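Report on the structure given below.
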Amino acid sequence: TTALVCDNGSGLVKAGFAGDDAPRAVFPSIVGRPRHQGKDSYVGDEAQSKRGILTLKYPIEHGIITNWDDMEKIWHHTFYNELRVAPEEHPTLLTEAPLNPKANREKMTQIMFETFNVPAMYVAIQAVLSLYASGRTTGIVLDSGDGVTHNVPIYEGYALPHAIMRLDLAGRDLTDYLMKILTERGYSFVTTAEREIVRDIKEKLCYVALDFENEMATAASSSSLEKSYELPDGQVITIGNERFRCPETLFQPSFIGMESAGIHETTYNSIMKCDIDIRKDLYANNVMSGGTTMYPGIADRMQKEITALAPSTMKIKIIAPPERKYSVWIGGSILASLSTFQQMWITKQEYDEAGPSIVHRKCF
Amino acid sequence: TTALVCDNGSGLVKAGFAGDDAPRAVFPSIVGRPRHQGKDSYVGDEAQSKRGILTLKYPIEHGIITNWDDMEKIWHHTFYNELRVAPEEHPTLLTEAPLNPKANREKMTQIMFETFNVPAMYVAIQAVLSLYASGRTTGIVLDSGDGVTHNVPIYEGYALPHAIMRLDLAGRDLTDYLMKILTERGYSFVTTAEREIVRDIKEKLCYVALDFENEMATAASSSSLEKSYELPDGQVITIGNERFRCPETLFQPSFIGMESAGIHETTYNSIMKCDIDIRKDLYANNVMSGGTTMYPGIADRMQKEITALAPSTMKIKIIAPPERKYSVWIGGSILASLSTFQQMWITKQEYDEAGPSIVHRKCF
Amino acid sequence: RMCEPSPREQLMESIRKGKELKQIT
Amino acid sequence: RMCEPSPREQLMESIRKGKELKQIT
Ligand SMILES: Nc1ncnc2c1ncn2[C@@H]1O[C@H](COP(=O)(O)OP(=O)(O)OP(=O)(O)O)[C@@H](O)[C@H]1O
Ligand SMILES: Nc1ncnc2c1ncn2[C@@H]1O[C@H](COP(=O)(O)OP(=O)(O)OP(=O)(O)O)[C@@H](O)[C@H]1O
Ligand SMILES: [Ca+2]
Ligand SMILES: [Ca+2]
Ligand SMILES: [Cl-]
Ligand SMILES: [Cl-]
Ligand SMILES: [Cl-]
Ligand SMILES: [Cl-]
């Protein structure tokens with residue numbers, strides 16, 4: 001009777017039961033298959049561990065579903081193996097990326113109703129769920145995950161599509177970048193486990209410098225910023241300025257040969273695409289969500305950068321929940337548990353009479 | 001499974017099943033009891049026919065319920081004897097007069113749920129139902145019944161209470177007036193059947209003169225306006241100018257010693273109490289409802305009178321449906337049959353948890 | 001927005017559309 | 001008006017009110 005909540009990230013799938021504090025299952029959004037076959041398939045952690053012999057595929061690219069066969073395998077796995085429930089017995093809330101095409105929204109709807117035979121269904125924009133998680137209906141969300149970074153201005157519960165900004169730079173790019181600078185220091189990371197070590201170094205030692213320039217030299221004249229990382233093999237290594245240099249890419253994409261404005265400028269740009277009367281509320285409700293916004297110092301650095309771009313008189317406020325790795329999921333969990341949401345679900349009956357194009361009509 | 005629709009008029013109760021073209025039962029809103037007892041009671045037609053030995057009571061005065069014990073007897077009669085259905089098996093839609101006190105709305109709710117054990121309930125303003133009958137959500141309704149005449153401006157489905165005007169002159173007053181002028185012509189009407197004859201003369205021979213003054217003299221210099229009325233006893237009588245003089249009271253209450261503006265001025269006054277931006281739409285959607293607006297010539301006379309009060313540039317339009325005797329009822333029948341209304345009913349469950357004060361909250 | 005209106009606006013739209021009522025017999 | 005807001009506004013009000021979610025075990 002509990003609704004299921006599934007947040008399909010480019011890198012990680014977060015799944016669980018509506019009403020729960022956190023996702024019961026969090027695993028890689030990967031489908032693995034032996035190199036030329038076309039077990040015939042592996043999903044998540046298992047596909048990851050069997051990397052050496054499989055061809056891994058990510059059905060979600062920059063938040064958009066690009067491989068429907070593989071997406072269905074992930075969904076099937078999520079219900080049956082992770083949550084261990086039959087989908088036909090539960091309302092299902094799925095999430096989608098901002099600016100998701102209408103064809104993609106209908107295909108998702110069709111699969112859920114026709115393939116998994118769900119009794120009730122709903123699709124929510126990820127950034128909006130993060131906003132709801134923070135207990136707001138108006139604000140601007142910065143959602144930085146593994147595949148994509150979006151800036152989503154939301155007014156009275158509805159995102160403003162004309163102002164949505166997408167930055168195709170996220171956690172995956174940061175891991176690869178740390179892997180490059182670490183590699184040039186004389187270390188070797190090329191295997192799965194090694195790449196996982198770099199990702200672990202990133203999530204544990206990395207931080208956003210309040211002042212990059214001043215921080216850099218502080219590592220030049222001292223060993224004050226150097227931390228030692230004990231490898232799984234016992235061997236210990238020293239990571240220095242790569243600590244703050246890797247996440248800096250968010251503010252200066254140029255560091256990865258990327259010709260794009262940083263997260264601070266994109267947030268301003270987005271706010272500026274909104275109606276004047278709403279801007280003040282947006283500046284005062286800048287919500288951070290996603291694994292990639294977990295860097296210590298990011299909120300303090302965004303507050304400074306936005307303050308510098310906004311009018312002097314403007315009250316800028318950054319909201320960075322400690323649970324933001326799962327803010328999208330939590331938002332869905334809250335939404336699908338509300339007494340008030342129970343009339344919002346698309347029913348099987350409704351789908352049967354109007355078809356998948358109902359998803360757009362049903363919207364709210 | 002059909003909802004019941006009951007329009008409780010001061011003079012006539014109109015009852016039937018939602019979806020039906022017209023009320024299946026239309027009978028006097030009277031409760032009769034033998035003079036000093038305090039069958040112990042008679043309702044409707046029977047109470048009327050046993051007039052000589054009973055004390056008749058009208059639990060509805062000028063559209064407002066004033067005797068709850070007697071109202072319950074009418075309701076009980078309506079369900080069990082007229083409609084011949086058990087109320088606990090059907091959603092019930094009841095109507096109420098404009099400006100009905102909140103205590104009266106809650107008492108009605110309490111009786112329906114606690115006494116008749118209805119499974120679902122709703123209370124609608126009579127004038128709004130008449131507007132819906134005409135297929136509109138915006139307009140100004142003139143509802144003239146037996147006990148009261150109201151002018152109700154409605155915008156986007158909601159009446160504007162600050163602009164509602166009540167004129168305590170209606171059909172009962174017109175019958176009594178015709179009974180007086182006919183009596184002074186040398187005829188005698190004092191018994192029930194005689195009074196019923198006058199009411200029949202009123203509903204069959206009376207009309208609204210386009211120009212009272214010019215009409216009067218046309219009856220002075222000719223017998224062109226005189227109609228003969230064949231009494232039940234075979235005896236035939238001649239009714240002359242009383243034909244147009246009796247309904248004229250609507251435009252000039254002074255004729256009954258009443259110091260009040262006529263229906264035309266009250267309509268203008270009401271429109272004038274509304275927001276400017278809405279006035280144009282009101283003038284263009286003047287809807288007539290109730291038995292008392294059935295007089296031939298009334299719409300043509302209202303069009304003329306309103307035209308004279310409104311700005312020269314104003315498009316004035318009077319809507320006088322031929323079925324207006326039952327417009328309130330029909331409006332309820334339509335409303336309660338709409339697929340869209342099915343979520344609007346107050347449930348027994350809702351009443352049980354929140355009590356009768358829910359009626360105000362549930363409103364729409 | 002391809003969104004259907006408020007339940008109350010759906011009700012208003014249906015009131016304006018009008019419905020055929022069954023003849024009385 | 002003592003009227004409860006639109007179903008969508010009731011949803012927004014409840015989102016702003018916030019709900020306690022059950023601990024994970
Ligand atoms: N504490 C942390 N610090 C830095 N990065 C982190 C941290 N935790 C997780 N990440 C990075 O967050 C990313 C996953 O976050 P998230 O689950 O929000 O993205 P996703 O939804 O799978 O992908 P996307 O939102 O782009 O579609 C991974 O790159 C992960 O390494
Ligand atoms: N054809 C007609 N011409 C004139 N008067 C009529 C006609 N038909 C009915 N009436 C008068 O209409 C009155 C009943 O109309 P209606 O049923 O709309 O009033 P009601 O709802 O019982 O009383 P109220 O609306 O004041 O509370 C009676 O006075 C009746 O004589
Ligand atoms: Ca995400
Ligand atoms: Ca009436
Ligand atoms: Cl530290
Ligand atoms: Cl709840
Ligand atoms: Cl005639
Ligand atoms: Cl319908």
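Going by the structure tokens order, chains are called A, B, ..., each with residues numbered from 1, while ligands are numbered from 1 in the order shown.
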
Please find the residues contacting ligand 1 at a distance of at most 7 Å between atoms, with only C-alpha atoms and all ligand atoms counted, and report them as number ranges by chain.
A: 8-13, 62-63, 143-149, 170-172, 199, 202-204, 290-295, 325-326

Contacts of range 9-19 of chain C at 12 Å or less, counting only C-alpha atoms, minus same-chain residues fewer than 4 places along, as JSON, numbers by chain?
{"B": [18, 19, 20, 21, 128, 129, 130, 131, 132, 133, 134, 135, 136, 137, 138, 155, 156, 157, 158, 330, 331, 332, 333, 334, 335, 336, 337, 338, 339, 340, 341, 342, 343, 344, 364], "C": [3, 4, 5], "D": [6, 7]}

Convert the current residue selection to file output with N, CA and C atoms, as a tab-separated table (two decimals), in the first residue's frame.
chain	number	residue	atom	x	y	z
B	18	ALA	N	-31.41	13.83	-9.57
B	18	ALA	CA	-30.41	14.50	-10.39
B	18	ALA	C	-30.27	13.81	-11.75
B	19	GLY	N	-30.30	14.61	-12.82
B	19	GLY	CA	-30.20	14.09	-14.18
B	19	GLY	C	-31.50	14.22	-14.92
B	20	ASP	N	-32.61	14.32	-14.15
B	20	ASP	CA	-33.93	14.48	-14.69
B	20	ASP	C	-34.10	15.89	-15.16
B	21	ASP	N	-34.89	16.02	-16.20
B	21	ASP	CA	-35.33	17.19	-16.94
B	21	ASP	C	-36.13	18.18	-16.05
B	128	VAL	N	-27.75	30.84	-7.74
B	128	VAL	CA	-26.61	30.30	-8.48
B	128	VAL	C	-27.04	29.12	-9.33
B	129	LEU	N	-27.93	28.27	-8.81
B	129	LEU	CA	-28.44	27.14	-9.58
B	129	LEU	C	-29.20	27.62	-10.80
B	130	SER	N	-29.98	28.68	-10.66
B	130	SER	CA	-30.71	29.22	-11.80
B	130	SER	C	-29.74	29.72	-12.87
B	131	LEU	N	-28.61	30.31	-12.42
B	131	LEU	CA	-27.61	30.79	-13.35
B	131	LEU	C	-27.00	29.64	-14.11
B	132	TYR	N	-26.65	28.56	-13.40
B	132	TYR	CA	-26.06	27.36	-14.00
B	132	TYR	C	-27.04	26.76	-15.01
B	133	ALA	N	-28.34	26.81	-14.71
B	133	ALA	CA	-29.41	26.29	-15.59
B	133	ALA	C	-29.36	26.97	-16.96
B	134	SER	N	-28.96	28.24	-16.95
B	134	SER	CA	-28.87	29.03	-18.16
B	134	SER	C	-27.51	28.84	-18.86
B	135	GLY	N	-26.68	27.96	-18.32
B	135	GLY	CA	-25.35	27.67	-18.88
B	135	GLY	C	-24.36	28.80	-18.75
B	136	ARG	N	-24.37	29.49	-17.60
B	136	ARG	CA	-23.47	30.61	-17.31
B	136	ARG	C	-22.85	30.46	-15.95
B	137	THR	N	-21.67	31.07	-15.76
B	137	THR	CA	-20.97	31.13	-14.47
B	137	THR	C	-20.94	32.59	-13.99
B	138	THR	N	-21.26	33.54	-14.89
B	138	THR	CA	-21.31	34.96	-14.54
B	138	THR	C	-22.62	35.61	-15.03
B	155	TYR	N	-20.24	36.13	-9.97
B	155	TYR	CA	-19.04	36.21	-10.78
B	155	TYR	C	-18.23	34.94	-10.70
B	156	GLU	N	-18.01	34.34	-11.88
B	156	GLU	CA	-17.25	33.10	-12.02
B	156	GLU	C	-17.73	32.00	-11.04
B	157	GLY	N	-19.04	31.89	-10.91
B	157	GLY	CA	-19.70	30.88	-10.09
B	157	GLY	C	-19.95	31.21	-8.63
B	158	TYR	N	-19.50	32.39	-8.19
B	158	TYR	CA	-19.66	32.78	-6.79
B	158	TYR	C	-20.47	34.04	-6.66
B	330	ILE	N	-33.69	22.63	-11.80
B	330	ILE	CA	-32.95	22.16	-12.97
B	330	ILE	C	-31.48	22.40	-12.80
B	331	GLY	N	-31.12	23.56	-12.26
B	331	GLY	CA	-29.73	23.91	-12.00
B	331	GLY	C	-29.08	22.92	-11.07
B	332	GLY	N	-29.80	22.54	-10.01
B	332	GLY	CA	-29.36	21.53	-9.06
B	332	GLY	C	-29.24	20.18	-9.72
B	333	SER	N	-30.25	19.81	-10.54
B	333	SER	CA	-30.21	18.55	-11.26
B	333	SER	C	-28.96	18.46	-12.12
B	334	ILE	N	-28.63	19.54	-12.85
B	334	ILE	CA	-27.46	19.57	-13.72
B	334	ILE	C	-26.22	19.43	-12.88
B	335	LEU	N	-26.04	20.34	-11.92
B	335	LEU	CA	-24.87	20.36	-11.05
B	335	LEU	C	-24.56	18.99	-10.44
B	336	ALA	N	-25.55	18.37	-9.78
B	336	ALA	CA	-25.38	17.08	-9.11
B	336	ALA	C	-25.16	15.90	-10.06
B	337	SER	N	-25.36	16.09	-11.37
B	337	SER	CA	-25.13	15.03	-12.35
B	337	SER	C	-23.76	15.11	-13.00
B	338	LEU	N	-23.07	16.25	-12.85
B	338	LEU	CA	-21.77	16.47	-13.49
B	338	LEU	C	-20.71	15.59	-12.93
B	339	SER	N	-19.96	14.93	-13.82
B	339	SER	CA	-18.82	14.08	-13.45
B	339	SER	C	-17.91	14.86	-12.49
B	340	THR	N	-17.75	16.16	-12.78
B	340	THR	CA	-16.91	17.09	-12.03
B	340	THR	C	-17.42	17.41	-10.62
B	341	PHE	N	-18.69	17.13	-10.34
B	341	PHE	CA	-19.26	17.42	-9.03
B	341	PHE	C	-19.02	16.34	-8.01
B	342	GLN	N	-18.67	15.16	-8.48
B	342	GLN	CA	-18.57	14.00	-7.61
B	342	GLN	C	-17.59	14.07	-6.46
B	343	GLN	N	-16.67	15.04	-6.49
B	343	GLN	CA	-15.67	15.22	-5.45
B	343	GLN	C	-16.08	16.33	-4.49
B	344	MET	N	-17.11	17.09	-4.90
B	344	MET	CA	-17.62	18.25	-4.18
B	344	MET	C	-18.49	17.93	-2.97
B	364	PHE	N	-16.67	24.90	-1.97
B	364	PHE	CA	-16.31	24.47	-3.32
B	364	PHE	C	-14.98	23.71	-3.35
C	3	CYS	N	-1.76	21.38	-18.96
C	3	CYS	CA	-2.40	21.05	-17.70
C	3	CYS	C	-3.86	21.32	-17.74
C	4	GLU	N	-4.66	20.36	-17.24
C	4	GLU	CA	-6.10	20.54	-17.12
C	4	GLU	C	-6.32	21.56	-15.98
C	5	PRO	N	-7.39	22.40	-16.05
C	5	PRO	CA	-7.58	23.40	-15.00
C	5	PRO	C	-7.96	22.81	-13.64
D	6	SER	N	-7.73	25.58	-3.08
D	6	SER	CA	-7.66	24.62	-4.17
D	6	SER	C	-6.94	23.33	-3.69
D	7	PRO	N	-7.28	22.13	-4.22
D	7	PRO	CA	-6.50	20.92	-3.86
D	7	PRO	C	-4.97	21.10	-4.00

As JSON, numbers by chain, please: every protein or nucleic acid residue near ligand 5 (cut-off 10 Å, counting only C-alpha atoms and all ligand atoms).
{"A": [204, 205, 206, 207, 224, 225, 226, 227, 296]}

Skip residue 271 in chain A itself and residues of its chain fewer than 4 positions away, then list as an mmCIF file with N, CA and C atoms, in the first residue's frame all residues within 8 Å of it, counting only C-alpha atoms.
data_model
loop_
_atom_site.group_PDB
_atom_site.id
_atom_site.type_symbol
_atom_site.label_atom_id
_atom_site.label_comp_id
_atom_site.auth_asym_id
_atom_site.auth_seq_id
_atom_site.Cartn_x
_atom_site.Cartn_y
_atom_site.Cartn_z
ATOM 1 N N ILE A 140 15.130 28.761 -6.077
ATOM 2 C CA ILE A 140 15.933 28.386 -7.237
ATOM 3 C C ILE A 140 16.845 27.268 -6.774
ATOM 4 N N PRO A 153 14.745 27.591 -11.488
ATOM 5 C CA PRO A 153 13.927 28.537 -10.717
ATOM 6 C C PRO A 153 12.490 28.016 -10.646
ATOM 7 N N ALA A 163 13.736 29.757 -17.907
ATOM 8 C CA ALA A 163 14.893 30.147 -17.098
ATOM 9 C C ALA A 163 15.801 28.984 -16.662
ATOM 10 N N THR A 267 23.655 30.534 -11.979
ATOM 11 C CA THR A 267 22.572 30.786 -11.029
ATOM 12 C C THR A 267 22.057 32.206 -11.226
ATOM 13 N N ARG A 279 12.440 37.571 -8.436
ATOM 14 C CA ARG A 279 13.895 37.539 -8.225
ATOM 15 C C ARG A 279 14.379 37.620 -6.767
ATOM 16 N N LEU A 282 13.880 34.463 -5.106
ATOM 17 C CA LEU A 282 14.798 33.449 -5.611
ATOM 18 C C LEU A 282 16.154 33.614 -4.941
ATOM 19 N N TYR A 283 16.670 34.847 -4.916
ATOM 20 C CA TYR A 283 17.960 35.157 -4.290
ATOM 21 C C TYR A 283 17.964 34.737 -2.828
#

Range 297-313 of chain A: which residues within 10 Å, counting only C-alpha atoms, same-chain residues fewer than 4 positions away excluded, as a count of residues only?
31

If we count only C-alpha atoms, what is near residue 253 in chain B at a cut-off of 10 Å, once residues fewer than 4 positions away on the same chain are taken out, given as a list in words?
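The residues satisfying every condition are residues 167, 168, 169, 247, 248, 249, 257, 258, 259, 260, 261, 262 and 263 of chain B.
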
For chain B, list the residues within 12 Å of chain D, counting only C-alpha atoms, and write the list as a VMD selection string.
chain B and resid 102 158 to 161 343 to 344 357 to 364

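Our summary of the geometry notes that CA of residue 52 in chain A is positioned 26.7 Å from CA of residue 79 in chain A.
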
Using CA of residue 246 in chain A and CA of residue 59 in chain A as the two end points, give the distance in Å to one decimal.
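Value for the CA of residue 246 in chain A-CA of residue 59 in chain A distance: 26.4 Å.
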
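With only C-alpha atoms and all ligand atoms as the atoms that count, the minimum distance from ligand 2 to the choices B:4, B:217, B:354, B:197 is reached by B:197.
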
Please, which residues of range 193-352 of chain A, numbered as in this document, come out strand (DSSP E or B) from DSSP, as a list in words?
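Output for range 193-352 of chain A, strand (DSSP E or B) only: residues 227, 228, 229, 230, 236, 237, 238, 239, 286, 287, 288, 289, 318, 319, 346 and 347 of chain A.
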
Saved selection, atoms kept: N, CA, C and O atoms, as a PDB file, in the first residue's frame:
ATOM      1  N   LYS A 227      46.536  16.340   3.195  1.00  0.00           N
ATOM      2  CA  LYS A 227      45.971  15.251   3.970  1.00  0.00           C
ATOM      3  C   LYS A 227      46.562  13.971   3.407  1.00  0.00           C
ATOM      4  O   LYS A 227      46.993  13.920   2.249  1.00  0.00           O
ATOM      5  N   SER A 228      46.659  12.961   4.248  1.00  0.00           N
ATOM      6  CA  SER A 228      47.196  11.695   3.814  1.00  0.00           C
ATOM      7  C   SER A 228      46.045  10.761   3.600  1.00  0.00           C
ATOM      8  O   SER A 228      45.089  10.769   4.378  1.00  0.00           O
ATOM      9  N   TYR A 229      46.098   9.995   2.516  1.00  0.00           N
ATOM     10  CA  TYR A 229      45.038   9.054   2.214  1.00  0.00           C
ATOM     11  C   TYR A 229      45.578   7.649   2.267  1.00  0.00           C
ATOM     12  O   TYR A 229      46.487   7.306   1.507  1.00  0.00           O
ATOM     13  N   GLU A 230      45.033   6.842   3.180  1.00  0.00           N
ATOM     14  CA  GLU A 230      45.466   5.467   3.316  1.00  0.00           C
ATOM     15  C   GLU A 230      44.729   4.613   2.300  1.00  0.00           C
ATOM     16  O   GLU A 230      43.500   4.446   2.365  1.00  0.00           O
ATOM     17  N   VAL A 236      50.056   4.544   2.007  1.00  0.00           N
ATOM     18  CA  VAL A 236      49.474   5.855   2.280  1.00  0.00           C
ATOM     19  C   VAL A 236      49.957   6.885   1.269  1.00  0.00           C
ATOM     20  O   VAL A 236      51.124   6.911   0.910  1.00  0.00           O
ATOM     21  N   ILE A 237      49.068   7.757   0.833  1.00  0.00           N
ATOM     22  CA  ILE A 237      49.445   8.807  -0.105  1.00  0.00           C
ATOM     23  C   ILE A 237      49.101  10.184   0.411  1.00  0.00           C
ATOM     24  O   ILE A 237      48.280  10.325   1.311  1.00  0.00           O
ATOM     25  N   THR A 238      49.717  11.206  -0.186  1.00  0.00           N
ATOM     26  CA  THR A 238      49.455  12.583   0.197  1.00  0.00           C
ATOM     27  C   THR A 238      48.773  13.349  -0.926  1.00  0.00           C
ATOM     28  O   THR A 238      49.302  13.453  -2.043  1.00  0.00           O
ATOM     29  N   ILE A 239      47.598  13.871  -0.620  1.00  0.00           N
ATOM     30  CA  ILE A 239      46.855  14.698  -1.554  1.00  0.00           C
ATOM     31  C   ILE A 239      46.975  16.124  -1.029  1.00  0.00           C
ATOM     32  O   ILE A 239      46.839  16.335   0.171  1.00  0.00           O
ATOM     33  N   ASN A 286      18.041  29.990  -2.399  1.00  0.00           N
ATOM     34  CA  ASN A 286      18.899  29.250  -3.299  1.00  0.00           C
ATOM     35  C   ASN A 286      19.174  27.907  -2.680  1.00  0.00           C
ATOM     36  O   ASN A 286      19.932  27.802  -1.717  1.00  0.00           O
ATOM     37  N   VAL A 287      18.540  26.882  -3.198  1.00  0.00           N
ATOM     38  CA  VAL A 287      18.674  25.561  -2.608  1.00  0.00           C
ATOM     39  C   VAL A 287      19.664  24.660  -3.349  1.00  0.00           C
ATOM     40  O   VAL A 287      19.574  24.500  -4.571  1.00  0.00           O
ATOM     41  N   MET A 288      20.601  24.056  -2.581  1.00  0.00           N
ATOM     42  CA  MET A 288      21.606  23.150  -3.120  1.00  0.00           C
ATOM     43  C   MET A 288      21.184  21.725  -2.937  1.00  0.00           C
ATOM     44  O   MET A 288      20.812  21.326  -1.831  1.00  0.00           O
ATOM     45  N   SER A 289      21.289  20.944  -4.011  1.00  0.00           N
ATOM     46  CA  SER A 289      20.960  19.530  -3.968  1.00  0.00           C
ATOM     47  C   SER A 289      21.893  18.723  -4.831  1.00  0.00           C
ATOM     48  O   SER A 289      22.476  19.264  -5.782  1.00  0.00           O
ATOM     49  N   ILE A 318      21.822  30.937   0.927  1.00  0.00           N
ATOM     50  CA  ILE A 318      22.086  29.611   0.371  1.00  0.00           C
ATOM     51  C   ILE A 318      21.613  28.547   1.388  1.00  0.00           C
ATOM     52  O   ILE A 318      22.019  28.585   2.546  1.00  0.00           O
ATOM     53  N   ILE A 319      20.786  27.596   0.944  1.00  0.00           N
ATOM     54  CA  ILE A 319      20.298  26.503   1.780  1.00  0.00           C
ATOM     55  C   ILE A 319      21.008  25.232   1.331  1.00  0.00           C
ATOM     56  O   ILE A 319      20.864  24.802   0.181  1.00  0.00           O
ATOM     57  N   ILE A 346      -1.774   9.420 -11.446  1.00  0.00           N
ATOM     58  CA  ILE A 346      -2.433   9.028 -12.680  1.00  0.00           C
ATOM     59  C   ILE A 346      -2.861   7.613 -12.418  1.00  0.00           C
ATOM     60  O   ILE A 346      -2.020   6.810 -12.033  1.00  0.00           O
ATOM     61  N   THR A 347      -4.142   7.287 -12.603  1.00  0.00           N
ATOM     62  CA  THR A 347      -4.593   5.909 -12.393  1.00  0.00           C
ATOM     63  C   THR A 347      -4.452   5.084 -13.641  1.00  0.00           C
ATOM     64  O   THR A 347      -4.333   5.630 -14.734  1.00  0.00           O
TER      65      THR A 347
END

Would you list, as number ranges by chain, the residues of range 96-334 of chain B that end up in alpha helix (DSSP H) under DSSP run on this structure's backbone?
B: 102-110, 126-133, 171-183, 192-205, 212-220, 242-248, 263-272, 276-283, 298-309, 327-334

Using Å and a single decimal, report how far CA of residue 329 in chain B sits from CA of residue 14 in chain B.
6.6 Å
